[PDB]
Amino acid sequence: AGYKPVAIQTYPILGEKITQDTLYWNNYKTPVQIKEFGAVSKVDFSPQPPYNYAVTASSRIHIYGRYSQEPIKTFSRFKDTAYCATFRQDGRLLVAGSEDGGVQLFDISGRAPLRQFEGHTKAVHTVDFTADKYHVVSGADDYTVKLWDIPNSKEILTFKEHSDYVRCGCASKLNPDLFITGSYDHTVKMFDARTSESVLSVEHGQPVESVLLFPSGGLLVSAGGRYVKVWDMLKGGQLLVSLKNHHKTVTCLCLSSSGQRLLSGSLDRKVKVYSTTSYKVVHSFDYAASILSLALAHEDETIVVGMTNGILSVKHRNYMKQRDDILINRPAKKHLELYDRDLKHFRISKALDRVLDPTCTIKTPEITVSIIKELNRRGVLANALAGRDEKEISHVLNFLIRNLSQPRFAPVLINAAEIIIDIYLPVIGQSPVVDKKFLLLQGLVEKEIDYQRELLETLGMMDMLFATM
Amino acid sequence: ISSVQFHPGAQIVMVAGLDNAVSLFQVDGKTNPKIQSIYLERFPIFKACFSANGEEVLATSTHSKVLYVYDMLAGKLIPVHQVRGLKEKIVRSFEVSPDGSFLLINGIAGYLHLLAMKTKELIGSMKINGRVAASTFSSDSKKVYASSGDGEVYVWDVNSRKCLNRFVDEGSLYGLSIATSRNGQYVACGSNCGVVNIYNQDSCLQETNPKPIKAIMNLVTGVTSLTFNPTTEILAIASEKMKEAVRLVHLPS
Amino acid sequence: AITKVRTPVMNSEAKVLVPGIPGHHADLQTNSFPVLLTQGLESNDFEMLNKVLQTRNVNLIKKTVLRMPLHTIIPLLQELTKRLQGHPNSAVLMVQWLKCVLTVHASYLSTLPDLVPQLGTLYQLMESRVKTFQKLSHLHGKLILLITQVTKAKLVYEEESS
Amino acid sequence: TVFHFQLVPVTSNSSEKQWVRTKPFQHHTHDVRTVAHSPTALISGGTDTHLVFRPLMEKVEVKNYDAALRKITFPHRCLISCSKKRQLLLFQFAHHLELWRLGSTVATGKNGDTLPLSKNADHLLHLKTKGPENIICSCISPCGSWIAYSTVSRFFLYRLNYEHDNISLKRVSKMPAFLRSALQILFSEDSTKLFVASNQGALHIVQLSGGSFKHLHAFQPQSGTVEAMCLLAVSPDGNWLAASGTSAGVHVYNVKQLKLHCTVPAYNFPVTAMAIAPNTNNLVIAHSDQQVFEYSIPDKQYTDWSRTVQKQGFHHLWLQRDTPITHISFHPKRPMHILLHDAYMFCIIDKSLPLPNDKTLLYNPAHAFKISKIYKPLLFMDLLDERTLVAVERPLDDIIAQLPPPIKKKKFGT
Amino acid sequence: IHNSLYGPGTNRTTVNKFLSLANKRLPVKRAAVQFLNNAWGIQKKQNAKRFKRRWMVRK
Amino acid sequence: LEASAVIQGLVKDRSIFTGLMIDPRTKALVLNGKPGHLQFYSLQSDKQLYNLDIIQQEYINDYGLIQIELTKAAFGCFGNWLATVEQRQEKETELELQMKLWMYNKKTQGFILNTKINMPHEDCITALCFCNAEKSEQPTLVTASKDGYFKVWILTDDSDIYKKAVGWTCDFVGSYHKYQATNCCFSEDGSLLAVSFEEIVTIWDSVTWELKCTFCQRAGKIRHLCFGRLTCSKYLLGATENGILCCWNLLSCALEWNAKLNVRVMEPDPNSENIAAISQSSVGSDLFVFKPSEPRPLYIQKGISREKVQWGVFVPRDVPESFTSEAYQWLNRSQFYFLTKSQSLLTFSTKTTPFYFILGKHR
RNA sequence: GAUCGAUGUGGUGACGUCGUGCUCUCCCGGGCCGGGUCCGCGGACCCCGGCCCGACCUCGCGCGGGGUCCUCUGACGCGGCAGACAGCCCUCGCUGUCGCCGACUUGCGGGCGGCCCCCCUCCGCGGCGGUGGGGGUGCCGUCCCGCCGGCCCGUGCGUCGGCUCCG
């Protein structure tokens, strides 16, 4: 036959902190901070291969590139302030807004707006393109939402069905003229199809800050206060999941490149990452200030968060067989761990020395515990433990002090403590350090026993309250 | 192409090369049809040869311990990875006796290892002073000719591992190849300068400084390959360091 | 080599069931800090959760749980369940907290929500942890025995050349 | 490990022979750098300071004690000098001398009991030589005021005073050149006379008075072939001096008359130790073989007890002992008892008790030789007082501790 | 002569260790022959400086 | 120095903890083989098929060492599921007990570990059985132990969004009067479970896990417990330590008959109503073939073996035999095998190279 | 003590990880907060309580800033590399290889294969697979021409700059 490596005992942990999502969501480097004046209302990426992002703040819309602390471009000819800079699907034109009410089309290489729309009477805060790249949908604070044509330079259509400030609009990439709008009047109405009235309406319990469309399945996600609600369009107005994991208002809601991941930023310096399949939290992000804007690049390459204050955070990441020949496979050599090689040649003391290496004890105590268990199984633990001076036994005592209290490692380490106590009794008086280590182990023993007695009392009480029901 | 050889009893030619395949071909002047081709995983063939009986094929690789034996009659491919009593790390250079009862492996520290052909178990070891450059078996298979790295050639007895004689090749700083004729009349040694010395076999056995019959100066770069005609009328010499460096020698003249 | 032994595959995708996991079995005063505690439970911030929880004064815990909102005791139960797995130094205070909450405030209350599976996990964890008592007692006895056992030339002369 | 290789025939009928390894031996724990092949034995010497003689059973003609394994570790000569009056011990090393004073105890016990002490053993003097040469011999005066020691080139004598609880050393200004290489240095019971044996045959008598030296007389080389190093014994009255080391035998000289007194009949085995009785003036002599002689200086003949022992013969267990007698002691209060010791045993012998024979048992883990082995490794023992003894002993493991590192070996259980 | 028999590449142990193998196989187990180590107690500060970086990776 | 061939029949082991089983896929005898392995052995020809390794740990033949022992094994739904039980007993205070589930992957053609439970019980497991009903919607496994508990495990979906998988989870825990559970058995339908608590036998409904009946004959502790099959499925058979074999009728909830017979091996025929009992007399073992309905023997044989018979098994024969006489009819449905103390297995019998031309070996 | 027939008491193979050892050693940590203990309010010690912590100079004001480097316990082998027309074997060699700090260890390509994410056939002593087809954003490994090389001039170049190689 062949030699068999020692079994490494695995102990399950209640927490699920170690996750593949955790690895995929923590790969990123250190955040970089960019200073700005005024609150960052939103940040929008462009889908073209030169991925850049537009940050709107106060009266200035800045275009930043990857890295590039200074803006690569700036639009500053806004009379008081700008709102909702958004890119087109071709990355060549951008829609903007202002407190005057004129909707402005800008070229990403120019200085003055190409087209101005003057229909609105008060401040406008949401503007977006359609599925076709030649119409725009805009919503302002005068309780109305308007559809405009870009080449014709005139308003196509107007809707007036809202009772408060209208400040969040979204459109569908799949279907033109199918768009969804959001206001502070607690309602979200879907002005769509080819009709002069809303086909569907949705009621939210708080003012609606953000709405987003999942491209596949007809799922609409809306944020109001702490609540984030998911509504299905297969059957009208069907609230699938309502979730709250923030202790303040949820400001912004973004979708990852993969459909399964959903990111929600809020006002309490925390961003939650959820899986859409389970609708449960899978990751958390913590920031220095409240997240007003959250933006994602192609794949999940760059994360951009814009705060209440000016600064915003950017987070980057020989010969081969011919067909007619007959194939013969050679065996691949299997590599044994060093302790396995020692145990194969019966170097029990050397194996115990290897597993007592401080790097091994810190990173993987389970390997050391498994090797002690194997030595106990072979019945040669006493031989390996005996015959050592004060220095060698002191490290074993340190490991026992650090690891005896652990419930997973308790029996075998208790047995090892028994063995070392039996062997090293006559030589105790010489060394003070071993005395100190034994005293520490002793004290940990009494405190663990007191802990377990308290546990027994609580066990009896829980037995009562269980048997009541 | 590392090795090419004709089958002793059938019109079969075997071609092996740095590509891991070993192939056997029907020897026809027009087409040369393929019989079978076998590809090993990570085994670039350093040398492949037929057995003396011709029933099995033996192959070895560059810096590989395992020796592959392919028994055609039984259809079994036996990889000989472990040879008991052998301390050699890698096996690349080896020779087979004409009678088929012995196999010789060139080792390190000037060691020659003799193995039984049928069971692949070590018989004994012979140590020479200096490196082993090349080795060959006698026509009667009763003696071993080994050329050292300082230009000296040793003669060993197969049955009792004793050094019969030690002679010196003329004007050789170090040898690269050695060959013997089937009839037992000629012994040929190649050296670094491209000079091939041809001796009578009786001269090598009894003289410490033999005088070659004729020294071939036609080749100018170090001779690596020596092959005798079965009728002992043609000697083929070659050097791999230059292009077009192959010659043919008429033995009696 | 001809060996007539077949080996099934044992990989890391297999489920392990240890006894500790569910699948194995089955007036102005500072007298209380309730709103701090609920703010800590809303957002899992380690700092102020320690500050509210890492205390010893028994009547402080009593008044904290009495003044506590009634719909957030279950988050307290999860946090105590998480924090009981550790060195006894921090864990004894958490056991005191669990005794205080289970004893006076919710002795009658906890029977009403009928949510026994939530506390069942803690039940099994406690039963699993209390297993090594006699071995610890033997070790303590031998340790007490061990502790009982615990208690040149005046003139150097070098010759000079002469 | 020591390996034996033998030439053996392959078969009985064939004359061909082959070399095979037959016997491994493990008598050393460190490097074995030199071996020799006697006609009947193998000799091995290693850096673990052990000399091993292993006779071969197939090559010995007769089976007796000569075929036994022999191991030599301890020296065959005394290296410790004792001053009884001041409780002083002097130890001799390769390049320096050490002087200690013993510690007394006040407790009283019965049978085997450890008595707590009052004052501990105290290390007084540590004197180092100059140059690469090693010390050949050293000696302390019985009074404790004189220290003498010799090298191959120079002879050093020191007067030391124990004043204000402090040791003070003063070197004598000049010494004669003929004392440059002393084989043996001996002090009389009084500090007046010093006896020196030269490397070449010569004896020197030196008057020591008030830090002043005078070379009284030089005894001529003894006639005969030199067989072993000289040994010097001084009688407690100071009248007689006994010297050995030649084939002629032990010569006894009268110090006061400054002429030869008598010559003990020669014994072929070399002399290992000599001592002189306090009042009877009897010289006891031990040889390399375990036989012992007693000779009367005034009578100039063997004693009656010595004749009785030699006629009866020593016990065969006494004879079959590897280690030689290194020191013999007397006490003035008890004339019948004589003390002597070896490396692994010490004997007190009573002349009045009947002699043992082969039928009786010599030692049990009336009987003349009361011999004990409680102190297993013995380097020195002396009768400090009429109930007081001093025994200087050296365990083997301590010697092993101060040794060069050995080669790592893999053990089964570990 | 020193490097040939005691230099790097040789297989040497300590006299304390070589005598301690017997204690590991006795019917009653004992500790090392020379339990106390002088070199351990004397050194307390040099260890911190050189290995400052190592402990970071382990944690 | 390498192995080229192995000649071996039935592996000889010091102790055979498991019973004699049959693998449904290969129709081969499965029992204890090499330490830590189960031997699969062909019955038709005296050749060992192979050894299957359950605990993949090194084995040392040093004397006076406690070794992990494979005690119980079981095959579930056909041959798809295999349950293995291993334990180490170094001291009476502490026991290591581990239970493993293996699912047969037909693409690999081998077993793969699905679920591993360490310390399923606090004491030694005494019984292990599956529900071979095929009318139960989920596979079920029952483990009984000396601690006084019997635990019921079911196969449940363990799929997540990350991966799709299935696993075994605990379903039920049962106990009666703080008594050690010795034997457990399933009915032919799987609707009821019979579990023995020392002297008494309890009948539970497997569907709702409610106790249905309790039989306590004051004779002795139950050694062997089985259910009837086919037309005798309404009957239940129980053997006591004090040499009493008693048949209970579940419908009447009373015993039909009892008999003074001390049996060590009792095996029910899967394809027949016959029950074969091996009684250990002083002179030798004796075989009794009977039916639960009738209290008289159908066939009696004496002197089957001078040595004690420790296990027995019935194997379904592929082609049924034809014996008209009622004494010989039990041999028709299935073949009977029994293994004695000396590990001897006894039964009842009424009776290319084309190169040869390519290489010119033909000349 | 040893001891004259003496015998080291005794542990487990194998196939290119062409960056690694059955080798010997270095250390067993530090600076902070939240606590908790003990000792005689003070101190001291503990916490699957949380925090941080590279060397090296320099400037300015021991403090702080800036830079330089930043792969880390040291040896010893092993493997590789570099040197003979030859070396797994040889060397006071080098442990990327070289200029004299820098270049370099790429880059884009082309081509093949291997496996999987799902739906439609055909065979299975058919529990479930293979065998065919498809679609999945599907990811990968290897192979060569790459941008033939080597010298000598002239002025990055040198319309047929030369001699050689490669092809």
# chains A, B, ... in the order shown; residues from 1 in each chain; ligands from 1

call {"tool": "residues_around", "arguments": {"residues": "residue 155 of chain C", "least_positions_apart": "2", "cutoff": "9 Å", "atoms": "only C-alpha atoms (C1' of nucleotides)", "output": "list in words"}}
result
residues 152, 153 and 157 of chain C; 124, 125, 126, 127, 166, 167 and 168 of chain D

call {"tool": "residues_around", "arguments": {"residues": "residue 41 of chain B", "least_positions_apart": "4", "cutoff": "8 Å", "atoms": "only C-alpha atoms (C1' of nucleotides)", "output": "list in words"}}
result
residues 327, 328, 329 and 330 of chain A; 20 of chain B

call {"tool": "write_last_selection", "arguments": {"atoms": "C-alpha atoms", "output": "tab-separated table (two decimals), in the first residue's frame"}}
result
chain	number	residue	atom	x	y	z
A	327	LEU	CA	-1.79	8.48	-24.64
A	328	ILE	CA	0.03	7.13	-21.58
A	329	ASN	CA	-0.34	9.00	-18.28
A	330	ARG	CA	2.55	9.13	-15.82
B	20	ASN	CA	7.23	12.31	-26.49

call {"tool": "interface_residues", "arguments": {"of": "chain A", "to": "chain F", "cutoff": "12 Å", "atoms": "only C-alpha atoms", "output": "ChimeraX atom specification"}}
result
/A:1-12,19-21,260,275-280,282,340,343-344,346,373-380,411-412,415

call {"tool": "interface_residues", "arguments": {"of": "chain D", "to": "chain A", "cutoff": "9 Å", "atoms": "only C-alpha atoms", "output": "tab-separated table (two decimals) with N, CA and C atoms, in the first residue's frame"}}
result
chain	number	residue	atom	x	y	z
D	410	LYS	N	20.07	8.17	15.79
D	410	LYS	CA	18.62	7.99	15.84
D	410	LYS	C	18.29	6.78	16.70
D	412	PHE	N	15.36	4.21	18.73
D	412	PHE	CA	14.10	3.56	18.36
D	412	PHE	C	12.91	4.25	19.01
D	413	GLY	N	12.87	4.26	20.35
D	413	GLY	CA	11.69	4.75	21.05
D	413	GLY	C	11.43	6.23	20.85
D	414	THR	N	12.47	7.00	20.53
D	414	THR	CA	12.33	8.44	20.36
D	414	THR	C	12.26	8.81	18.88

call {"tool": "interface_residues", "arguments": {"of": "chain B", "to": "chain G", "cutoff": "12 Å", "atoms": "only C-alpha atoms (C1' of nucleotides)", "output": "PyMOL selection string"}}
result
chain B and resi 19+42-43+61-68+79-85+88-93+106-111+129-134+148-151+173-177+191-194+220-224+239-242

call {"tool": "write_last_selection", "arguments": {"atoms": "C-alpha atoms", "output": "PDB file, in the first residue's frame"}}
result
ATOM      1  CA  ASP B  19       8.551  14.855 -28.954  1.00  0.00           C
ATOM      2  CA  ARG B  42       6.267  14.000 -19.920  1.00  0.00           C
ATOM      3  CA  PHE B  43       8.960  11.652 -21.261  1.00  0.00           C
ATOM      4  CA  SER B  61      14.306  10.207 -20.970  1.00  0.00           C
ATOM      5  CA  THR B  62      16.413  13.229 -20.110  1.00  0.00           C
ATOM      6  CA  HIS B  63      16.706  13.587 -16.315  1.00  0.00           C
ATOM      7  CA  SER B  64      14.181  10.861 -15.493  1.00  0.00           C
ATOM      8  CA  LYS B  65      14.650   7.934 -13.123  1.00  0.00           C
ATOM      9  CA  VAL B  66      12.041   5.606 -14.627  1.00  0.00           C
ATOM     10  CA  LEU B  67      12.996   3.293 -17.497  1.00  0.00           C
ATOM     11  CA  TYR B  68      10.140   2.279 -19.799  1.00  0.00           C
ATOM     12  CA  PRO B  79       7.675   1.360 -16.181  1.00  0.00           C
ATOM     13  CA  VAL B  80      10.811   0.417 -14.224  1.00  0.00           C
ATOM     14  CA  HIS B  81      11.024   3.343 -11.812  1.00  0.00           C
ATOM     15  CA  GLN B  82      12.826   1.563  -8.949  1.00  0.00           C
ATOM     16  CA  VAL B  83      15.879  -0.677  -9.345  1.00  0.00           C
ATOM     17  CA  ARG B  84      16.899  -2.282  -6.064  1.00  0.00           C
ATOM     18  CA  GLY B  85      20.454  -1.511  -4.977  1.00  0.00           C
ATOM     19  CA  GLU B  88      21.617   6.548  -9.479  1.00  0.00           C
ATOM     20  CA  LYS B  89      19.305   9.566  -9.590  1.00  0.00           C
ATOM     21  CA  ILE B  90      18.597   9.655 -13.346  1.00  0.00           C
ATOM     22  CA  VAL B  91      18.986   7.076 -16.118  1.00  0.00           C
ATOM     23  CA  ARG B  92      19.727   8.404 -19.608  1.00  0.00           C
ATOM     24  CA  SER B  93      22.731   6.510 -21.031  1.00  0.00           C
ATOM     25  CA  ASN B 106      26.277   4.596 -17.405  1.00  0.00           C
ATOM     26  CA  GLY B 107      26.292   6.312 -14.024  1.00  0.00           C
ATOM     27  CA  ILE B 108      28.155   9.015 -12.099  1.00  0.00           C
ATOM     28  CA  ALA B 109      31.559   9.091 -10.390  1.00  0.00           C
ATOM     29  CA  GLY B 110      32.748   6.812 -13.186  1.00  0.00           C
ATOM     30  CA  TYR B 111      30.383   3.965 -12.290  1.00  0.00           C
ATOM     31  CA  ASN B 129      38.759   6.829 -12.612  1.00  0.00           C
ATOM     32  CA  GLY B 130      37.151   9.958 -14.025  1.00  0.00           C
ATOM     33  CA  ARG B 131      33.885  10.444 -15.863  1.00  0.00           C
ATOM     34  CA  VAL B 132      32.258   7.815 -18.080  1.00  0.00           C
ATOM     35  CA  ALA B 133      31.958   9.277 -21.574  1.00  0.00           C
ATOM     36  CA  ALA B 134      30.813   6.249 -23.587  1.00  0.00           C
ATOM     37  CA  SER B 148      36.893   7.744 -19.754  1.00  0.00           C
ATOM     38  CA  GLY B 149      36.828  11.538 -19.704  1.00  0.00           C
ATOM     39  CA  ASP B 150      40.615  11.974 -19.880  1.00  0.00           C
ATOM     40  CA  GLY B 151      41.133  10.050 -23.134  1.00  0.00           C
ATOM     41  CA  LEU B 173      41.993  14.863 -24.702  1.00  0.00           C
ATOM     42  CA  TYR B 174      38.610  13.215 -24.092  1.00  0.00           C
ATOM     43  CA  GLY B 175      36.514  10.653 -25.956  1.00  0.00           C
ATOM     44  CA  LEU B 176      32.876  10.959 -26.996  1.00  0.00           C
ATOM     45  CA  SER B 177      31.985   7.590 -28.555  1.00  0.00           C
ATOM     46  CA  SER B 191      37.508  12.009 -29.827  1.00  0.00           C
ATOM     47  CA  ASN B 192      37.056  15.765 -29.514  1.00  0.00           C
ATOM     48  CA  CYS B 193      39.100  16.895 -32.521  1.00  0.00           C
ATOM     49  CA  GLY B 194      37.057  14.831 -34.980  1.00  0.00           C
ATOM     50  CA  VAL B 220      36.856  18.285 -38.230  1.00  0.00           C
ATOM     51  CA  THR B 221      34.391  18.525 -35.314  1.00  0.00           C
ATOM     52  CA  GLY B 222      33.924  16.122 -32.401  1.00  0.00           C
ATOM     53  CA  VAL B 223      32.511  12.739 -33.386  1.00  0.00           C
ATOM     54  CA  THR B 224      29.409  11.731 -31.426  1.00  0.00           C
ATOM     55  CA  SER B 239      29.251  15.035 -35.698  1.00  0.00           C
ATOM     56  CA  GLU B 240      26.153  16.890 -34.508  1.00  0.00           C
ATOM     57  CA  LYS B 241      27.865  20.250 -33.931  1.00  0.00           C
ATOM     58  CA  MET B 242      28.115  21.026 -37.662  1.00  0.00           C
TER      59      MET B 242
END

call {"tool": "residues_around", "arguments": {"residues": "segment 34-46 of chain C", "least_positions_apart": "6", "cutoff": "7 Å", "atoms": "only C-alpha atoms (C1' of nucleotides)", "output": "PyMOL selection string"}}
result
(chain A and resi 247) or (chain C and resi 52+64+67-68+75)

call {"tool": "write_last_selection", "arguments": {"atoms": "N, CA, C and O atoms", "output": "CSV table (one decimal), in the first residue's frame"}}
result
chain,number,residue,atom,x,y,z
A,247,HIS,N,-29.8,52.1,10.1
A,247,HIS,CA,-30.4,52.9,11.2
A,247,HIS,C,-30.7,54.3,10.9
A,247,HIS,O,-30.9,55.1,11.8
C,52,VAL,N,-21.8,49.2,26.8
C,52,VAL,CA,-23.1,48.9,27.5
C,52,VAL,C,-23.1,47.5,28.1
C,52,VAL,O,-23.7,47.3,29.2
C,64,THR,N,-31.6,48.1,33.3
C,64,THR,CA,-31.4,48.2,31.9
C,64,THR,C,-32.4,47.3,31.1
C,64,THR,O,-32.9,47.7,30.1
C,67,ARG,N,-36.1,48.6,31.7
C,67,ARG,CA,-36.4,49.8,30.9
C,67,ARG,C,-36.3,49.5,29.4
C,67,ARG,O,-36.5,50.4,28.6
C,68,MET,N,-35.9,48.3,29.1
C,68,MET,CA,-35.5,48.0,27.7
C,68,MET,C,-36.8,47.9,26.9
C,68,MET,O,-37.8,47.4,27.4
C,75,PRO,N,-32.4,40.4,19.6
C,75,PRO,CA,-31.0,40.8,19.2
C,75,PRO,C,-30.1,40.7,20.4
C,75,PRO,O,-28.9,40.3,20.2

call {"tool": "interface_residues", "arguments": {"of": "chain A", "to": "chain G", "cutoff": "7 Å", "atoms": "only C-alpha atoms (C1' of nucleotides)", "output": "ChimeraX atom specification"}}
result
/A:318-320,331,333,341-342,345-346,358,395
